[PDB]
């Protein structure tokens, strides 16, 4: 399959596409410029805080992702399959950005979209805007419930 069809399959399986017709989703992705990151199975990768300001979607495979605090502990372990977005709540962050660690359970591929380009894509489609905002908002709610779990 062409790379573009992998990207479409990942988006249709993503929460970003909910409520969007196939026509406007196709148009959005046909005009999009993206880069490809390939993760070899059973390897560990690190992404610093300064390089988390792009939209990353799992195009192929499955990855165990974790945040790394300032002291060294890895929190928020999560396994992302095709269609999930890597650390979306940190895309538009300007402070307190924790580095991320990724382990490939298979041969995996992430598609990377620039910050400014994704901002334009969100402006053009209000549905994509609300869906991404709801994604990061639900992440915030989950983090708050976890904080209550950890609090004494």
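Numbering follows the first chain given and starts at 1.
Asker: Between 28 to 36 and 85 to 93, which has the larger average Cα B-factor in the PDB entry?
Answerer: According to the PDB entry, the answer is 28 to 36.
Asker: Looking at the deposited entry, does 12 to 20 or 137 to 145 carry the larger mean Cα B-factor?
Answerer: 12 to 20 has the higher mean C-alpha B-factor.
Asker: State the tercile, meaning the lowest, middle or highest third, of residue 51 with respect to the CA B-factors recorded for its chain.
Answerer: For residue 51, the deposited C-alpha B-factor lands in the highest third.
Asker: What third of the chain does residue 41 rank in for C-alpha temperature factor, lowest, middle or highest?
Answerer: According to the entry, residue 41 has a C-alpha B-factor in the chain's highest third.
Asker: By the record's CA B-factor, is residue 117 among the lowest, middle or highest third of residues in the chain?
Answerer: Answer is middle: the recorded C-alpha B-factor places it there.
Asker: Among the chain's modelled residues, which third holds the C-alpha B-factor of residue 66?
Answerer: Within its chain, residue 66 is a lowest-third residue by C-alpha B-factor, going by the deposited values.
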